[PDB]
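To start, the structure under review is shown below, and the notes come after it.
Each chain gets a letter, A, B and so on, in the order the sequences are listed, and its residues count up from 1.
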Amino acid sequence: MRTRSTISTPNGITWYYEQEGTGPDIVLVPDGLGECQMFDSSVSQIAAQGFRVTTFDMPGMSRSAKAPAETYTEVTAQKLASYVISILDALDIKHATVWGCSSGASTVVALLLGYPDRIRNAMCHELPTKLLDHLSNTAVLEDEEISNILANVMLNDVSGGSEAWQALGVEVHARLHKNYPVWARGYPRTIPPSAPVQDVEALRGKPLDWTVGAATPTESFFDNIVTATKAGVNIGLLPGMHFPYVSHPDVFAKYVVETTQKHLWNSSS
Amino acid sequence: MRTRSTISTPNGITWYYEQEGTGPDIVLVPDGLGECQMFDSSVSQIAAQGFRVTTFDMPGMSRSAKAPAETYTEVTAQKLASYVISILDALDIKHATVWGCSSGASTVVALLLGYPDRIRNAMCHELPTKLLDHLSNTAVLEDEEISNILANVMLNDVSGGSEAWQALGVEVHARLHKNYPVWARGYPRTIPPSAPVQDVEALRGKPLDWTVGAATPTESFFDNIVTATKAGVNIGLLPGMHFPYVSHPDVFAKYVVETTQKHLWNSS
Ligand SMILES: C[C@H](O)CCC[C@H](O)CCC/C=C/c1cc(O)cc(O)c1C(=O)O
Ligand SMILES: C[C@H](O)CCC[C@H](O)CCC/C=C/c1cc(O)cc(O)c1C(=O)O
Ligand SMILES: [K+]
Ligand SMILES: [K+]
């Protein structure tokens with residue numbers, strides 16, 4: 001059965017977290033919207049293959065909103081990696097496989113490079129490396145204008161599956177609605193320049209598996225494909241766009257399980 | 001200022017071709033639909049910058065239909081490259097910059113590798129390397145079915161600009177209508193396995209500039225980005241999808257001119 005609970009870390013964050021299963025640890029880091037209910041179906045499917053799966057809402061977001069302002073303002077990959085290590089310490093997770101999309105992608109690459117003894121392998125999806133002025137400029141609008149604009153962007157531009165996105169349901173969407181202004185004012189100006197992929201040689205030989213959405217327009221994460229290839233990092237596609245865990249939960253779960261299994265084999269070898 | 005004419009090559013093809021301008025040669029090879037009126041606006045814009053621009057309908061297609069069946073069946077990159085060299089020979093084009101999309105992309109890479117003395121530099125866009133069973137399977141349908149399926153694919157899925165695609169006009173779409181079954185029966189089963197990108201080391205250091213459409217879904221030409229990166233070939237994006245010369249003719253023309261100028265500087 002699923003643990004659903006809260007835990008406080010010495011940096012002042014009260015996290016909402018979920019955990020299911022027994023076995024090697026897999027940790028699912030949310031994208032910038034910080035909403036771990038997006039993983040619900042996949043958590044059960046991955047845990048059923050013999051893994052302990054942990055996820056959580058991100059600081060300032062959803063049910064992890066009781067957090068100091070520094071944790072959700074001027075956010076960087078390296079700040080988020082420090083926060084994730086804090087909850088892994090609190091939960092006594094010594095060695096983890098990690099997944100992340102978007103700011104979660106930047107976070108898991110920063111985790112693997114910064115805490116190599118802690119991270120078995122990292123899966124990154126759609127890692128943001130470019131400043132986008134039209135998203136950065138939402139930060140000066142009123143809260144309800146930001147929520148209306150970004151709710152529409154998520155559904156129509158990046159969900160990868162409008163029926164699955166809407167089917168997250170009213171409780172989830174009401175939490176996202178409150179998160180959009182927090183994300184807009186804390187993330188888009190500071191996350192892209194923090195991308196831990198400027199040093200291509202630091203990525204070479206690392207246990208990293210990179211994906212982009214099959215349906216994502218080529219221009220969105222073209223740079224990820226180039227960077228991964230230059231570094232000799234395994235690069236491939238998942239169905240859908242920015243939220244494969246929402247649009248295609250069973251394919252997502254299979255990818256996480258298979259990739260974790262590949263690294264468990266290689267680790268013993 | 002546009003010459004619109006025909007020329008016969010000793011492989012049996014009577015080509016329809018167009019030429020405009022004076023200067024270094026730039027040759028625009030069509031995609032698999034073989035229809036050079038798609039380049040009309042861009043030909044004038046490129047020639048205006050001091051180039052002689054040549055384009056043509058492809059064998060069996062549109063106004064180059066007077067051709068033997070081998071030129072439009074079981075078509076490979078290597079067959080198409082031989083045909084393009086035959087028209088360049090006939091027009092006394094000794095050195096050319098070449099552009100191609102789709103089967104035209106495979107053609108221009110085959111030209112650059114196979115005929116290096118003839119090719120100043122090649123621009124390839126969206127080069128097909130994978131068999132797609134759903135397109136291969138159109139080859140066994142009736143002609144009217146094939147034309148309806150593929151006309152809809154071009155307009156709604158890969159044009160990169162439906163209004164520009166429709167604005168090609170009734171006469172062009174009537175030619176395309178007849179080309180769809182010829183393309184379906186001769187191209188999709190044989191072009192992808194002939195892709196001249198098996199040897200990444202053969203591409204390294206070559207005067208090749210590769211593009212994908214910015215709006216194309218990542219999966220379609222993901223492998224082009226990986227291959228170009230592995231080879232150290234310049235890889236970038238054009239606006240739109242599979243037909244940048246239709247959807248964004250002025251951006252396309254500027255790209256062709258600037259890329260040609262970059263190689264004219266390097267060659268000196
Ligand atoms: C930024 C990438 O280079 C290309 C992204 C293209 C997508 O279609 C835009 C929609 C999802 C936005 C992600 C995003 C954007 C931004 O301006 C800053 C960010 O920090 C993020 C982030 O946290 O993901
Ligand atoms: C085929 C690519 O490998 C990857 C994605 C292709 C586009 O999205 C599909 C729409 C245009 C089709 C091109 C195409 C398809 C095919 O089955 C064989 C071909 O020879 C071609 C060709 O000559 O373009
Ligand atoms: K699925
Ligand atoms: K244009």
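Open room surrounds NZ on A:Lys230; 12 or fewer heavy atoms of other groups in view lie less than 6.0 Å from it. Atom CD of A:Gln198 has 12 or fewer heavy atoms from other residues, nucleotides or ligands within 6.0 Å. In the displayed structure, B:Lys254 atom NZ is contacted under 6.0 Å by at most 12 heavy atoms of other residues, nucleotides or ligands.
When side chains are defined from C-beta on, A:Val212 does not count as touching B:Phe222, because their heavy atoms never get closer than 4.5 Å. Between A:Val226 and B:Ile225 there is a side-chain heavy-atom pair separated by less than 4.5 Å.
A donor-acceptor contact shorter than 3.5 Å is absent between the side chain of A:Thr218 and the backbone of B:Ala215.
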